[PDB]
């Protein structure tokens, strides 16, 4: 029905409906940021297993006017009451109140909109609110999610309330309706981001989290700040520059993978024969390994000094050092890539 090559603007989301919402936000004169936020709200509804206002995020944004990129940081934080030894198992760190970090998504949206928005706040929420009350058919992605977690969903009434039909998980095509989130979204549109963090919604969040055994308090919410990063991580790739977020995200690692690999000068020919394709793909995996080796040194750069670690990871020579240790005809033991921890 469509070539997916566009003359002026494009939105690529993991659900058609959210892509449209995005595009329609541009048509009505919204910026990239406006279209972005607008689409993510759609995505937190249509792919509810993936992301949403109960989470956190990162946004990389290029300003064509100022010819500059930036990063906005809205990943979740550990509660004031959290401590290093608070878990003793996987089971404990993955289910219930305690496995919940302080959500960031909403402060994220606010700052991005406060800096690059052209449409009103409430405009962004509008089509998602409609979608939530009316309901929509379940798409492939959320269908498999449901199937994958059938048992944990059906055995929990509060999930099954929205996610089951006759106490069985919804299947692809069946109608999902999200009545409680729609009200929520509407309160956010009217009252603003304040409603979530220090507002009409705050106490309910605390109670919900704590009732299931978390330790998140009002103070956590009240204090959460999204963060503007003026100088994102960058790497040179021939004619071009790549922008990406530094730690706590995986920019450094992707920087290393690509910096290692750009030294083989890959071309069309790298895959034109099985002989060369095999080698190419081997090199790729080895670079992964070498890059993952160094990952284990990374953390919040507000807590751990990783300044030099990152400068290294993205260094031109550091990359050249590891490339020379790649053998064309074999992989290696873990030890070989010198994974470090201090």
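Numbering follows the first chain given and starts at 1.
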Entry B factor averaged over C-alpha atoms, 192-200 against 166-174: higher for 166-174
When the C-alpha temperature factors are averaged for each of 211-219 and 232-240, which stretch ends up with the higher value in the entry?
232-240
Top residue by Cα temperature factor, when 246, 73, 99, 130 are compared in the entry
130
The third of the chain into which the C-alpha temperature factor of residue 288 falls is the lowest
Quick one: classify residue 295 as lowest, middle or highest third of the chain based on its Cα B-factor.
middle
Within this chain, which third does the Cα B-factor at residue 304 fall in: lowest, middle or highest?
highest
Considering every modelled residue of the chain and its Cα B-factor in the PDB entry, is residue 60 in the lowest, middle or highest third?
middle
Within-chain third of residue 138 by Cα B-factor, per the entry
middle
